[PDB]
Structures are given as C-alpha cells and as structure tokens.
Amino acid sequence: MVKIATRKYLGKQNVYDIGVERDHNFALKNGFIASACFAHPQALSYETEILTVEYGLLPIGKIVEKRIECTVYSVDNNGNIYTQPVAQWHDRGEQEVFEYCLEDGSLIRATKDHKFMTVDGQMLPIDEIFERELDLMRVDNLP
C-alpha cells in the first residue's frame, strides 16, 4: 500500500531482467512485486535488489551478469507467497530509465513500461501507477 511520490528521468542506462517458469512476478527489496513477463523494454537498473532465498537481497545486475542460480519470491493468483527458481538471465542493454521514489522512501529505477503489481492484484506499468496515483502492492511477509 505505497504510492509513488516522484518520477525522475535518469537517461539511458544498462538494464536487466530475469525469467521464471511459474507466475511471472518476483519480489524486490521491501516487498514490491515486479513483472517477469516476456516484455520489452521492461527491465530494471543494475542496482535493483531482488530478494533471494539463498543470498538475501542481491542486485539484479549481479544476478544477471554472473548468471546466479537462485530462488525468488512470487505471488500466485490468490495472493499466496511462494518461491521459485530463476530460469532466465538477460542483459537488455541500454534503455531509458526512470527513477520512481515511493512514499515509503523506496526507490525503483526501471524502464517506465515496467509492470508492477498494484494493491488490487493487477499488473500495471509503473509510469501509469505514478500518474494515476495508485498504490503498489507491498508484501511485508518476506524474510
């Protein structure tokens, strides 16, 4: 239940995504739920931290550059949390990145199409979440 306070364009920066085999989402630092759909430019800045079972928070750019085998947290269509392994690692090259600062102080640096889960359980582009002043889903349950 966290709105996005501000949006800032950072320019073109290297971005990254991962693929999973079950529900196409995974949890970031603080419990926000990013889409893992096969979608472009959708991708995340190097620093964006993914919660992994094995290592805790790791930057996605490190996970991708080193092809780290690890297990992420995901949400099913009934809202239950489960874990599943990373199945794909992609360096997506330079893309336009926007920095979204959230009302809880969190920062998300993503291509502005990147879908994230809102509190109703739906996936929307982060830029639309910002413009329409919607609340991001934040899973507080995670270890």
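We number the residues from 1 along the sequence you see.
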Ranked by mean Cα B-factor in the entry, 100-108 and 73-81, top stretch is 73-81
Look up the CA B-factors in the entry and say which stretch, 62-70 or 28-36, has the higher mean. 62-70
Tell me which of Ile50, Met117, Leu44, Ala87 tops the list for C-alpha B factor in the record. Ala87
Where does the C-alpha B-factor of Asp127 rank in its chain, lowest, middle or highest third? lowest
Against its chain's modelled residues, does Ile4's Cα B factor rank lowest, middle or highest third? middle
With respect to C-alpha B-factor, does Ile18 fall in the lowest, middle or highest third of the chain as deposited? lowest
Against its chain's modelled residues, does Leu136's Cα B factor rank lowest, middle or highest third? lowest
